[PDB]
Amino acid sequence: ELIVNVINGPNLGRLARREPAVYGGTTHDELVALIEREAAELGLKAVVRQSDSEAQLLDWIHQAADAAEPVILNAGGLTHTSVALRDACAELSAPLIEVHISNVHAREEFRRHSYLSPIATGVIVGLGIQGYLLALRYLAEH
């Protein structure tokens, strides 16, 4: 606060228009609108970005580390697979909240391990799109 970095990884540009049983009927742009409006009332700025590239995501983390600005991260598949991501996050001085739209713990046994959690401030899973909004509100207090 004021500035709050919201980051989505691979596939998360496909929200709503594809799925929506599993990650909900809300499109990406609509999500940016949701976050931006909730940051308004909270008196925060939400810089909300999405990418299907690990190097892009990496860069955004690098920048957040530098600017010492907090992050909210939905890294998609890279959550379970990337050590490069984890280690970039590890550097962040500001809090990092890990967010999952679906409950990870009620799926394939592999989706239950996370490289991000151990170095996150805390995690939200399965509360859907609202996970982002609840994460925001946390940061506005701390």
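Residue numbers run from 1 along the displayed sequence.
Participant: Identify the stretch, either 91-99 or 41-49, whose C-alpha atoms have the larger mean B-factor according to the entry.
Facilitator: The recorded data point to 41-49.
Participant: On mean Cα temperature factor in this entry, is 109-117 or 54-62 the higher one?
Facilitator: Comparing 109-117 with 54-62, the higher average CA B-factor belongs to 109-117.
Participant: When you compare the CA B-factors of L134, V123, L15, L127 as listed in the entry, which one comes out on top?
Facilitator: Largest recorded C-alpha B-factor: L15.
Participant: In terms of the chain's CA B-factor thirds, is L78 lowest, middle or highest?
Facilitator: According to the entry, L78 has a C-alpha B-factor in the chain's lowest third.
Participant: Per the entry's values, where does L85 land by CA temperature factor relative to the rest of its chain, in the lowest, middle or highest third?
Facilitator: For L85, the deposited C-alpha B-factor lands in the lowest third.
Participant: Give the position of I3 by CA B-factor within its chain, expressed as the lowest, middle or highest third.
Facilitator: As the PDB entry reports it, the C-alpha B-factor of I3 lands in the middle third of its chain.
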